[PDB]
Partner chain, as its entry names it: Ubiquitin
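Given next, in structure tokens, is a single chain: the form deposited without the partner chain.
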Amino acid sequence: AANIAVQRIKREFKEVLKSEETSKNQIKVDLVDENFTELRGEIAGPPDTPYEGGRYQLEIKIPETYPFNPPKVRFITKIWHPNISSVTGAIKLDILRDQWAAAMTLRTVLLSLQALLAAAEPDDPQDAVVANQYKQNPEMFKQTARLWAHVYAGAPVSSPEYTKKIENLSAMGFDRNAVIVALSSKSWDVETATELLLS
């Protein structure tokens, strides 16, 4: 691999390990291979957001052109967010597309993803369904995102009012995970969620 790519990643990996943000358990990174082309990241959900108390793992692939192109980052841990696909974990963020600069690092990417969680841009969505709900019904989006933080990301609390609707459909014989996804995507309409599950 190119010496500049290898040296940059080795430097940036240690900077994350030694960081104040890692000592506070906000971010971390681990190696996957021996060659430094695949990494696994973890970020904590930010405070005063639906993602609080959740932990989100990230697939990080380093291009042969690093540091002049951005890493490819994907959410492994499912998340309900306008700028992250609830199906694939693909991320819409300018620094991972057209506003990467070579001075950016693993640290600043991980921190930027946390800032994205704290401040969505629903007018440039990755997930049109999540974005529609974010704008049309803020309180539902927040409770749905918190439910997903609990179900997928280990966040402690989730909301009793959704529990009831989840249990009804679960009692129809549908899988709890499928029920969660159907009800979230149909904005908690039992009837259209049931229709989806029946297909």
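Residue numbers count along the first chain shown, from 1.
The discussion below concerns the form deposited with the partner chain bound, not included here.
Q: I need to confirm a contact call. Of 156, 160, 173, 138, which residue comes within 4.5 Å of the partner chain in the entry with it bound, counting heavy atoms only?
A: In short, 173.
Q: Among 31, 33 and 35, does every residue place a heavy atom within 4.5 Å of the partner chain in the entry with it bound?
A: The answer is no; none of 31, 33 and 35 reaches the partner chain.
Q: Quick check for you: of 165-173, 54-62, 145-153, 35-43, which stretch puts a non-hydrogen atom within 4.5 Å of the partner chain in the entry with it bound?
A: Checking each option against the 4.5 Å cut-off leaves 165-173.
Q: Is it the case that residue 17, even though its partner is missing from this view, gets within 4.5 Å of the partner chain in the entry with it bound, heavy atoms only?
A: Output for residue 17 is no: heavy atoms all beyond 4.5 Å of the partner chain.
Q: I'd like to check something about residue 190: if you look in the entry with it bound, is any of its heavy atoms closer than or equal to 4.5 Å to a heavy atom of the partner chain?
A: Contact with the partner chain, yes.
Q: Though the partner is not shown here, which residues of 26-41 have a heavy atom within 4.5 Å of the partner chain in the entry with it bound?
A: None of them.
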